[PDB]
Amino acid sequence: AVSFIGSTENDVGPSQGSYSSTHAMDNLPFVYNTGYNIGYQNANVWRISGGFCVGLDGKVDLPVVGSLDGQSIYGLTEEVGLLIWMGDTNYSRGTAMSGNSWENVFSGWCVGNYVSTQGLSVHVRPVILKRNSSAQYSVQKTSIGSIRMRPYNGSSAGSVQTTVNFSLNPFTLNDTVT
């Protein structure tokens, strides 16, 4: 069996956080080293039991404005982009996102004759896109995409909520250019 125990709408990163970085103007696109700080994580989004098998698919709705090392650079503003990862609970298990389609972000696992849970995580990193002198960039609260649980091996979601959404909290980038 499966049931939904998380939240439908989830914020990514601290609200109106400020991030500073320094980069050479010739080093673009530039990814801010924010670690897993601009993210969301919850080990308990679905409760599963009795042989239920489940994985996760992720979808980013932001426009693809570029590509970096095999993953999409999603657009926020003309000057700021975003790299995105979605996956199982541990941030380290995040899957690099590309495109705007539902992608497998967690191969899945099957619970046995007991009850457990299925979680998820999302983290992103800001990207400076255009050459410019030192400047401050502001990013508005913006919807990013979603993550859906995906039953397999004959398991079924039935009427259970399968999808949750993620909204990027506003932030400011204090960009120093050398």
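Numbering starts at 1 and follows the sequence shown.
Student: Which of the two stretches, 62-70 or 123-131, shows the higher mean Cα temperature factor in the record?
Tutor: Going by the record's values, the stretch with the higher mean is 62-70.
Student: For the CA B factor values reported in this entry, which option in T34, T117, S146, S138 has the top one?
Tutor: Out of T34, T117, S146, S138, the record gives the largest C-alpha B-factor to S138.
Student: Out of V111, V45, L28, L56, whose C-alpha atom has the biggest B factor in the entry?
Tutor: That would be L28, according to the entry.
Student: If you rank every modelled residue in this chain by C-alpha B factor, which third holds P14: lowest, middle or highest?
Tutor: For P14, the deposited C-alpha B-factor lands in the middle third.
Student: Taking the chain's C-alpha temperature factors as the reference, tell me which third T162 falls into: lowest, middle or highest.
Tutor: CA B-factor rank for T162: lowest third.
Student: Going by the entry, which third of its chain does the Cα temperature factor of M97 land in?
Tutor: Tercile = lowest for this residue's CA B-factor.
Student: Relative to the other modelled residues of the same chain, rank the CA B-factor of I84 and answer lowest, middle or highest third.
Tutor: Lowest third - that is where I84 ends up once the chain's C-alpha B-factors are sorted.
Student: Within this chain, which third does the Cα B-factor at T176 fall in: lowest, middle or highest?
Tutor: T176: CA B-factor falls in the lowest third of its chain.
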